[PDB]
Structure formats: structure tokens, C-alpha cells
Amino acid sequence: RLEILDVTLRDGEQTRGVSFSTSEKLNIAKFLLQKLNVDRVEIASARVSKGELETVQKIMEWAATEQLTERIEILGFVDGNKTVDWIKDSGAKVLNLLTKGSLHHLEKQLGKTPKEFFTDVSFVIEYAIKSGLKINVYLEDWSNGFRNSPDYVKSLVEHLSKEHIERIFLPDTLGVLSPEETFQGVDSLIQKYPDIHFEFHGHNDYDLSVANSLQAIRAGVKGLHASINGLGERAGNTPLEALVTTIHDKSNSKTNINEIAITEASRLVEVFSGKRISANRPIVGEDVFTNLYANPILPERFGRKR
């Protein structure tokens, strides 16, 4: 019973030539939450140029109606009051704080001491809770963090367990992990803090994202991040359509995603995003489906060919 977090609207928004209109975000958000039944959705980044603020507001206005405002999440930053104010205004109720997960990143971008930066973090989490939000924390560049500066990473997670947050995200930001490493890194933290909710968020640079995601599931993770058609910044995020199918058929864990809405979700973001998918795209490609040669992956299973 794993949670699936769709990042299509935000991380996917980062893709070159992709910019969703308010109507586009509302439509896509509604479909993912209601039809695909994705647990939560990360719709945007805070302090993006207003308008983006208006979009979130409209989506929040709607979400209120359907009794599911707690399912919407907003990428935020360590900037004191600015991020939390913007989200307070947006109407959104959940954060997803972007923190540096590698000693290398912390220094080349902030130039602060682990304790120095951990202070800025505690303040934003504090102020957010004070402002009525809930917080999820990204350990940006963690895939390089636990392999190069595992100390810095262990203290950050240590410090985070003291804060009142919902989940910790372990992203392979630069998509460099092999399934082995993904299992190592995740296992390293799940064993130390067996009562925390960690989620894996891989990137597909080596076409290992769904594989990595499977190892993360073995190492203990309780949730996973992904995007429709693997939309995203480089090679994109873990491809949602292939992740879910693989989880359902190649693992003993499950998901609440309704497979039958998978095909429409794909066509949906492809059109609105303006990024074409190849005809051989796993599970969702046009040419994908075409009883001696029976493959568990059938067209009607994903709302196609009938």
C-alpha cells in the first residue's frame, strides 16, 4: 500500500517548452486526483511569478469543493517567510520544503554550516506550522549526498526527525543511482528511523528510474514520486504509467491508482504539454499493444481498445 505523488504539473512544468495554462492545470489536477486516483499532486513552486499564484488559488478553490485540499502540495524553499507567505495566500495546505541533501550542494549554493542552515530550516518549518501548513521535506541531491557526504546527510535526517514534518523525500535529483545504490541509500535511512515516512523520487537519466523505484520499495519506502509520460526537466521523472504497472505486477506492494485511467491521463498531458511521446512508449505508446503471445499488459486494462 504505497502512496503515489504526481509531480507532473510542477517538476514536469520545468521541462523545456512546457508551460501549463490555468485551465490546463485545473483539468490535469482534477483528472489525476479523481480519475487516476493519485494520492497527492504537486502542482507548483512557490514565488513563481504571480498568475501561478492565481492558478493554485483556483485549484484550491475547487479542491475545497471535493473535500481534498490536503492532497495538493507546493514545492517551497528555505527563504524564511517568503515561501510560507506565498503558500498561505495560495490557499494550499502543504509544503514540500526543498533542502540541500548533499554537503557539496549546501556549500556551493549557500555557503553555510550544517548547523547554520539547519537553523534556517527549523524556522521555515516552524513558521509554516505556525501558518497552518504541513511540511514534507526534499533532501535535494540526496543521491550524491549519501554517497559522498553521508555524514552531512545523517545529521540532516537526524535534525529533521526532531521537527514536526509529514514525510522526507529522497530524490535522485541528477538521476545517477543504479538500483543497487538506491537500495543502499534508502536502506541506510529506513533502518535508522523505522518510524519515518520516506518516499523515493527518481529521475530517468539512465532509464533506471522505475527499476530504482522498485528497489526503494524493498528498502522500506512508503511512497513514490513520478510524472505522466515521464514529463520532467531532463530525461524527466520516473514514468508514472510504467511505475504503477510494474508495482502492481512485479511487486507484492499495491497502489490506489486506477489503471483504467492511465491511457487518458497520458493522452491528456501529452496534448496539453506539447511534448510528444514515442509510439513504442511502454504501456502508453500508440504501437505498444500490437493468445500464443499473451503479455500481462493488455490494452483494455488501461482503458484502451474497448
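Residue positions are given as counts along the sequence shown, with the first one as 1.
**Q** Quick check on the record: how many residues from the deposited sequence are absent from the model between residue 290 and residue 291 (none, 1 to 3, 4 to 9, 10 or more)?
**A** Missing in between: 10 or more residues.
**Q** Can you tell me which stretch has the higher mean Cα B-factor, 194-202 or 220-228?
**A** Stretch with the greater average CA B-factor: 194-202.
**Q** Tell me which stretch, 237-245 or 254-262, has the higher mean Cα B-factor listed in the entry.
**A** Per the PDB entry, the higher value belongs to 254-262.
**Q** Per the coordinate record, which of the options 151, 172, 85, 79 holds the highest CA temperature factor?
**A** Result of the comparison over 151, 172, 85, 79: 151.
**Q** Check the PDB entry and point out which of 158, 126, 73, 141 has the largest C-alpha temperature factor.
**A** The C-alpha B-factor peaks, among 158, 126, 73, 141, at 158.
**Q** Relative to the other modelled residues in the chain, which third contains the C-alpha temperature factor of residue 91: lowest, middle or highest?
**A** CA B-factor rank for residue 91: lowest third.
**Q** Please say which third, lowest, middle or highest, residue 267 falls into when its CA temperature factor is compared across its chain.
**A** According to the entry, residue 267 has a C-alpha B-factor in the chain's lowest third.
**Q** For residue 209, does the deposited CA B-factor place it in the lowest, middle or highest third of the chain?
**A** It falls in the bottom third of the chain.
**Q** Should residue 18 be placed in the lowest, middle or highest third of its chain by the C-alpha B factor in the entry?
**A** For residue 18, the deposited C-alpha B-factor lands in the middle third.
**Q** Which third, lowest, middle or highest, does the C-alpha temperature factor of residue 61 belong to within its own chain?
**A** Answer is highest: the recorded C-alpha B-factor places it there.
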